[PDB]
């Protein structure tokens, strides 16, 4: 019905600028304004600005020198741009529709922004087979940057027994793991494969879990 769809995750280098697009469905920008809010580790949710139906904007006074919101009614798009980003601008930037005033009734999915000079790095993808009732297999996605990676098992057909763990950051590289647990009789008889994509590096790999 009502949807706000934000552009995908972004890496910006310190002192460069961030640009996010919000494309709305189920309503027009003629009829509703759009607010922008972000959530950081260091400050929780912070309201940033709003663009009203008639095109005017109001901004959080802490960001007015750095932030511009604009729109195109005919395209149902709202554009957020913020300059001179620093590390602590890292966070999740949301757009949301005010139904009226400051009641934001529908939200974008959020845009995760990392502000960093670290270099884009493809991951190594390692199959984790058991040591030689249930069996658990794993996949280690090691040494990538930036977020995110996507991981599936048997191209997404294996889901109920899966745990994928939030990435952990150390020395400017991320590591992620995932486990899948099946009844012991179905593997290695039936094949199980880890599918890993790291878009920022154009990496796409499958690792079949092979018995030791």
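Numbering follows the first chain given and starts at 1.
Visitor: Looking only at CA atoms, which has the higher mean B factor in the entry: 47 to 55 or 61 to 69?
Guide: Per the PDB entry, the higher value belongs to 61 to 69.
Visitor: Higher mean Cα B-factor in the deposited model: 123 to 131 or 103 to 111?
Guide: Taking the mean B-factor of the alpha carbons in each, 123 to 131 is higher.
Visitor: In terms of CA temperature factor as recorded, identify the highest of 160, 177, 39, 152.
Guide: Max CA B-factor in the entry, restricted to 160, 177, 39, 152: 160.
Visitor: Against its chain's modelled residues, does residue 32's Cα B factor rank lowest, middle or highest third?
Guide: It falls in the bottom third of the chain.
Visitor: Give the position of residue 76 by CA B-factor within its chain, expressed as the lowest, middle or highest third.
Guide: Its C-alpha B-factor, which the entry lists for residue 76, ranks in the lowest third among residues of this chain.
Visitor: If you rank every modelled residue in this chain by C-alpha B factor, which third holds residue 189: lowest, middle or highest?
Guide: Highest third.
Visitor: For residue 95, does the deposited CA B-factor place it in the lowest, middle or highest third of the chain?
Guide: For residue 95, whose C-alpha B-factor we compare with every modelled residue in the chain, the answer is the lowest third.
Visitor: Test of reading the entry: by CA B factor among the chain's modelled residues, which third contains residue 143?
Guide: It belongs to the middle third of the chain when residues are ordered by C-alpha B-factor.
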